[PDB]
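This document opens with one chain alone, in structure tokens, the form deposited in one PDB entry.
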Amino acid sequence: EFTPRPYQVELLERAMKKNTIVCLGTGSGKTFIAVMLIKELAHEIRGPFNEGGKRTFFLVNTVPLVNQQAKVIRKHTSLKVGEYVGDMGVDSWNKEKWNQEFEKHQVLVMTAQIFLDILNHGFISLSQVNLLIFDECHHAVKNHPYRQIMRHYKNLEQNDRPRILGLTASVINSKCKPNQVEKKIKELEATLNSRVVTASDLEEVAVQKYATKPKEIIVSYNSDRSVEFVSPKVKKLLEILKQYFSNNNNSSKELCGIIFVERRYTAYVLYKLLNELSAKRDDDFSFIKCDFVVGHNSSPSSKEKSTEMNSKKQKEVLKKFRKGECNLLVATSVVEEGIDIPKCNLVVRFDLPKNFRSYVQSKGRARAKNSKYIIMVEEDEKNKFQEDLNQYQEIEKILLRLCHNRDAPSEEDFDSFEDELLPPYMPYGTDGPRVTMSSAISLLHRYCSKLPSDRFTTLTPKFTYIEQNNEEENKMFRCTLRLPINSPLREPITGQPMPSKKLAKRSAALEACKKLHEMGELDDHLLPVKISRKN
């Protein structure tokens, strides 16, 4: 029942020296050793939470992946595991419930932002956290919540060891030139205080996992000039699916084809058209079934129509695909990574990739033999797309060339973090509710929304911007806060002048937390009057 991997046991013993990051292609099995390293330190986690024990947290950005990884860890381990997501509405939960939750479970898999929230209000500090692994660590750039969490390491002492981990295949998240990749990798390895390694030998990975991705049958059309009325791209899909049927006459019923899109409306219309064609019972199209996977809760009541509700729908649709009930798939932005099917040999790239990372991630989804990669390109843009593809190939070649070990001898880069020009409130020191400079906006989201209050758009009570000349004539901004009649007086009516508008708002709104803490609205854990709504 247990399925090992030869290179990964070597990877584990190499990584169990210091902080180490593994970078490999899709299908490598890098995620699998997460459970092995979790069980390697299971003894520490056994500590009771009477005075604060050791617990392991697994951060996953996407909501459909938390249950999948929870089932994966449950399959090989007997430890109690729960699932956490803001869909349940945990915004109105007091300290005692959280203490009960921590004492009950053993591993709490949860998205990043909820971890931001819990660390923001001091329900528990970074102390006594046994281990912590990111998801898609290549997102840790600029003001990503990953970096916001990592910033809390600066406030605490270095002697503490809340080990951090994060796994990614592509180390970029935007378009770039082959002369800035070294700068990007150096910056990323400096930010998270960890080295990056990659398997030197890629035997099986090149056999069927990564280096033998589906062959790119670049097919063009004339779309730049219901199937026959909309752009002929749908006709190209029909022709390529007829080619698929001609290839797989033996499997004339169905296969595991997956369609990637970038706009939800396109996916919805595409699924509707193919379901209509299949239900018609015509000779050309009679055995096609597709279902939704993407869209997410979006918003409870604010200008949306998808209404994907709870994760139960995603769980059941993925189960019905795994059992073969669902065989065609359309989605936009949740099945790029973390979706695994043991037998898949066809991926249709209906919409073009936008950067390097998307192209690498959405290409290795197929894992079976003779897999098919299909790209929709136009004739006029064919030259530009060909040169862009050559650039991507060169980027991959140089990236695998620089796969040599890169250490971090200069720890000064970690100290070189661009600290904000103003300090935030912190009434109880480093051991108390350390308010972050980036959580002032979260606090101001819901002015007096707690307790009986209007349901109108009180979130944005409007602010006045004032500009004046200065010594360098770059101008300074006077952000002013004028809240309506809903609460007692406020100290930060206007903030300190700032070079930028955003920093002006931050300086004019951060002192609200400091003022409100003294007057008694908040508490020891900065939870306002322990009631629903508001952070």
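In case it trips you up, residue 1 is the first one in the sequence shown, and so on. Definition used throughout: the rigid core is the maximal C-alpha set that superposes within 1.5 Å between two forms.
- According to the entry, the deposited sequence has 10 or more residues without coordinates between residue 225 and residue 226.
There is another form of this protein, the form deposited in another entry, and it is not shown here; the text below is about that form.
- Shift analysis on the rigid core between the shown form and the other one singles out 447 from 356, 385, 115, 447 (C-alpha displacement of 2 Å or more).
- After superposing the rigid core, the C-alpha of residue 519 moves by 2 Å or more between the shown form and the other one.
- Shown in the overlay between the shown form and the other one, fitted on the rigid core, is a CA shift at residue 218 smaller than 2 Å.
- Relative to the superposed rigid core, the position of the CA of residue 306 differs between the shown form and the other one by 2 Å or more.
- Relative to the shown form, the Cα atoms of residue 451 and residue 94 move apart by 3 Å or more in the other form.
- Put simply, residue 195 and residue 203 come closer in the other form: their C-alpha atoms are 3 Å or more nearer than in the form shown.
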